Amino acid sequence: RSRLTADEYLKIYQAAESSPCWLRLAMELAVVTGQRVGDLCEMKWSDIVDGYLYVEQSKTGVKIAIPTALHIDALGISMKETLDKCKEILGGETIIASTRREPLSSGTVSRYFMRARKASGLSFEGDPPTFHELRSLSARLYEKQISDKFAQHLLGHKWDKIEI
């Protein structure tokens, strides 16, 4: 299906204005960490140790340690800043959490992103991009900003520490 460009992300992010607060935060976390929505929903505060967010991908078993100093230039996302916002605004045991501080599921996150997407009025060639497409956007952005190698390493394609 259709991909998601940076400009399109900005339009959806804007429409997410009237969405629950965690949606915009989940979008930021998805692009800056490049992790699958299933893993994003599993992330907990105890997973962060000494400036590194440890992630064992549920689907692949790939274990990586993501530096919280990461940032995506094109969208102006600072991983630390996003994490600070998740801590203060959401305040759950899970980094990403509902308004009632409960863990979120992939279906719920994807569903709300879809609503924000419709609210933006964007048109796409073929099936509109889902929340999952934020992972490809992350790779494409990190490739230009750093390197295709870095993008691949971060996505889990190769605890394996992520550096740069």
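Don't overthink the numbering: it's just position in the shown sequence, from 1.
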Quick one: say whether 121 to 129 or 27 to 35 has the higher mean Cα B-factor in the deposited entry. 121 to 129
Where do the C-alpha atoms have the higher mean temperature factor in this entry, in 105 to 113 or in 133 to 141? 133 to 141
Could you say whether, by C-alpha temperature factor, residue 22 belongs to the lowest, middle or highest third of its chain? lowest
Cα B factor band for residue 12 (lowest, middle or highest third within the chain): lowest
Which third of the chain holds residue 49 when residues are ordered by C-alpha B factor: lowest, middle or highest? highest
With respect to C-alpha B-factor, does residue 41 fall in the lowest, middle or highest third of the chain as deposited? lowest
How does residue 65 rank on Cα B-factor within its chain, lowest, middle or highest third? highest
